[PDB]
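Novice: First the structure, then my questions, so here it is.
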Amino acid sequence: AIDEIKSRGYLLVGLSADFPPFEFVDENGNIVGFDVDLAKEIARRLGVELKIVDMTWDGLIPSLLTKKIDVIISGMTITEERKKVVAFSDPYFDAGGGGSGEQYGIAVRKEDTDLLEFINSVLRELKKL
Ligand SMILES: NC(=[NH2+])NCCC[C@H](N)C(=O)O
């Protein structure tokens, strides 16, 4: 998965831009927010451009499974149910503090274990700061 993204020259991140402050569309029509910033960080570290694909919430896992996006970064709670279908990064946002509550993760296809590893190393470096 990594070599393919690097050859393509961009990282395709799906989200649903209706969830400020994680992703939303600002007053100039730009998609912005915490998840966009994180997506940019990951893309930079991969040495690729970022392409954000905005879609309806329900569209995201399908698009991931069918390879139209590489990852979901869209305020998605890590849950045991969803782990039946996708893999999740380490948590990057804790809604409750102390790891209580919803923890958000980056969803990746289960077979893309190299991508998942890579993302985890970026989250681990960012948390070190
Ligand atoms: N971009 C969005 N609409 N995100 C909604 C996230 C809601 C909730 N954290 C979930 O994972 O279902």
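By convention here, the chains of the structure tokens are called A, B, ... in the order presented, each chain's residues are numbered starting at 1, and ligands are numbered starting at 1 in the order presented.
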If you count only C-alpha atoms, which residues fall within 12 Å of residue 63 (chain A), apart from same-chain ones fewer than 4 positions away, as a ChimeraX atom specification?

Specialist: /A:12-16,53-59,67-72,86,107-109

Novice: If you run DSSP over the backbone, which residues in region 55-102 of chain A end up strand (DSSP E or B)? Put them as a PyMOL selection string.

Specialist: chain A and resi 71-72+77+87-88+93-94

Novice: Would you put the residues from that selection into a file with N, CA and C atoms, as an mmCIF file, in the first residue's frame?

Specialist:
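So the final result, stored in again.cif, reads:
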data_model
loop_
_atom_site.group_PDB
_atom_site.id
_atom_site.type_symbol
_atom_site.label_atom_id
_atom_site.label_comp_id
_atom_site.auth_asym_id
_atom_site.auth_seq_id
_atom_site.Cartn_x
_atom_site.Cartn_y
_atom_site.Cartn_z
ATOM 1 N N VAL A 71 -7.565 5.998 3.219
ATOM 2 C CA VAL A 71 -7.832 6.036 4.634
ATOM 3 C C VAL A 71 -9.095 6.838 4.875
ATOM 4 N N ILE A 72 -9.703 6.632 6.014
ATOM 5 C CA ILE A 72 -10.721 7.532 6.596
ATOM 6 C C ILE A 72 -10.156 8.305 7.791
ATOM 7 N N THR A 77 -15.051 7.104 15.647
ATOM 8 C CA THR A 77 -14.863 6.368 16.862
ATOM 9 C C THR A 77 -14.381 4.933 16.557
ATOM 10 N N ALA A 87 -9.503 -1.806 9.866
ATOM 11 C CA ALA A 87 -8.519 -1.670 10.914
ATOM 12 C C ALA A 87 -8.473 -0.206 11.351
ATOM 13 N N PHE A 88 -8.054 0.037 12.586
ATOM 14 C CA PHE A 88 -7.918 1.386 13.113
ATOM 15 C C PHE A 88 -6.499 1.603 13.567
ATOM 16 N N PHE A 93 -7.563 11.177 19.192
ATOM 17 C CA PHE A 93 -8.393 12.104 19.952
ATOM 18 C C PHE A 93 -9.200 11.314 20.965
ATOM 19 N N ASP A 94 -9.215 11.824 22.192
ATOM 20 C CA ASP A 94 -9.922 11.218 23.338
ATOM 21 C C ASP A 94 -11.041 12.176 23.774
#

Novice: Quick one: everything within 12 Å of residue 43 (chain A), counting only C-alpha atoms, minus sequence neighbours fewer than 3 positions away in the same chain. Send it as a short mmCIF file (atom, residue, chain, number, x, y, z; two decimals) with C-alpha atoms, in the first residue's frame.

Specialist:
data_model
loop_
_atom_site.label_atom_id
_atom_site.label_comp_id
_atom_site.auth_asym_id
_atom_site.auth_seq_id
_atom_site.Cartn_x
_atom_site.Cartn_y
_atom_site.Cartn_z
CA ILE A 2 2.75 2.54 0.76
CA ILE A 5 0.54 5.73 -2.74
CA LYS A 6 4.05 7.03 -3.22
CA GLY A 9 2.02 10.92 -5.71
CA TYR A 10 -0.91 11.64 -3.38
CA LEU A 11 -2.71 10.23 -0.38
CA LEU A 12 -6.54 9.92 -0.75
CA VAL A 13 -8.23 10.67 2.51
CA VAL A 36 -7.46 17.90 7.68
CA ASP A 37 -4.39 19.07 9.58
CA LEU A 38 -3.63 15.49 10.58
CA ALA A 39 -4.14 14.26 7.02
CA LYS A 40 -1.61 16.90 5.80
CA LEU A 46 4.85 10.05 3.30
CA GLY A 47 6.36 12.58 0.87
CA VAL A 48 3.09 12.96 -1.12
CA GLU A 49 0.42 15.58 -1.82
CA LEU A 50 -2.93 15.30 -0.02
CA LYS A 51 -6.22 14.78 -1.79
CA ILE A 52 -9.34 15.09 0.43
CA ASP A 70 -6.64 5.03 1.17
CA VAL A 71 -7.83 6.04 4.63
CA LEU A 115 0.13 1.78 5.79
CA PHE A 118 3.38 3.89 9.02
CA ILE A 119 0.40 5.92 10.29
CA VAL A 122 3.46 9.23 12.64
#

Novice: Nearest to residue 45 (chain A) among A:121, A:85, A:112, A:128, with distances taken over only C-alpha atoms: which residue is it?

Specialist: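 Distance minimum relative to residue 45 (chain A) lands on A:121.
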
Novice: What residues in region 18-127 of chain A get the DSSP label helix (DSSP H, G or I)? Please answer as a PyMOL selection string.

Specialist: chain A and resi 34-46+57-65+82-84+113-127
